[PDB]
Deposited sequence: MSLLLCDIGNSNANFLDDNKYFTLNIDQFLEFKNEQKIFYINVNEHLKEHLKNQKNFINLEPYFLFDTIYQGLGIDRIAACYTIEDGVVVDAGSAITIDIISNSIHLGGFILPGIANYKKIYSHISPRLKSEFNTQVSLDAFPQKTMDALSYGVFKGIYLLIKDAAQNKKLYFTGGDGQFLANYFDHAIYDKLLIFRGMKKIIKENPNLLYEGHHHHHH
């Protein structure tokens, strides 16, 4: 059972979890691969690979959010009630209540915060910065700005929390009653398959 979650920078596979970059992904050959894809650039390519089978059409998900990404849908999908946070290149926060998508929002990913500080000034992280004291040096002034900004947005939006993505465990640790599941999305994909076994 080979699953593929395709992004703008990475394709994450599950068989056993691995990550390829996009060049690597384009040279991959294999057996059936089930997939979701947000990369607009790879749509023609995927259509030419007959072994590749798009799960997106099977996702029924109650939202009015225009153009919601299939990646966010798939991560919300096994959740009945809760706040879903996928912390990678971007940080998306989605709110589920009663299997209904109430809305959601987007933040830069942590690496990107680091890039924009640099673009602003060479004068402009400590992951172990405290959130309950004002910072006293510039490293901490940045780390606090970023990490506390995300902490408060998520606190306000949240309800149980589910976390996923490369930075998800780190963000989860600021909260009690929160889970981290590296495989949230692949669980949504797993669920689609258990619901349409003719696949």
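K.L.:
Should a student be asked to find the unmodelled regions, what ranges of the deposited sequence would be the right answer here?
P.N.:
Those stretches are 1-2, 18-19, 35, 130-132, 167-168, 210-219, listed in order.
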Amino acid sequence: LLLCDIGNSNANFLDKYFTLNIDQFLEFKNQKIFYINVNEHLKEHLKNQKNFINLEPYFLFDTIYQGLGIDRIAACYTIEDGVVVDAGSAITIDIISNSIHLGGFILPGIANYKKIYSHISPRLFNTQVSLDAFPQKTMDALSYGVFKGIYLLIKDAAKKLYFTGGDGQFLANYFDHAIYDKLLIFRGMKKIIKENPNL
From here on, numbers count along this sequence of modelled residues.
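K.L.:
Looking at the deposited entry, does 2-10 or 190-198 carry the larger mean Cα B-factor?
P.N.:
In the deposited entry, the stretch with the higher C-alpha B-factor mean is 190-198.
K.L.:
Is the mean CA B factor in the deposited entry higher across 127-135 or across 162-170?
P.N.:
Looking at the recorded C-alpha B-factors, 127-135 comes out higher on average.
K.L.:
Compare the C-alpha B factor of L68 with those of the other modelled residues in its chain, then answer lowest, middle or highest third.
P.N.:
Bottom third by C-alpha B-factor.
K.L.:
Determine, from the deposited record, the chain-internal third of the Cα B-factor for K155: lowest, middle or highest.
P.N.:
As the PDB entry reports it, the C-alpha B-factor of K155 lands in the highest third of its chain.
K.L.:
Going by the entry, which third of its chain does the Cα temperature factor of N37 land in?
P.N.:
Ranked within chain, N37 CA B lands in the lowest tercile.
K.L.:
For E44, does the deposited CA B-factor place it in the lowest, middle or highest third of the chain?
P.N.:
Its C-alpha B-factor, which the entry lists for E44, ranks in the highest third among residues of this chain.
K.L.:
Classify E27 as lowest, middle or highest third according to the C-alpha B-factor given in the PDB entry, relative to its own chain.
P.N.:
As the PDB entry reports it, the C-alpha B-factor of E27 lands in the highest third of its chain.
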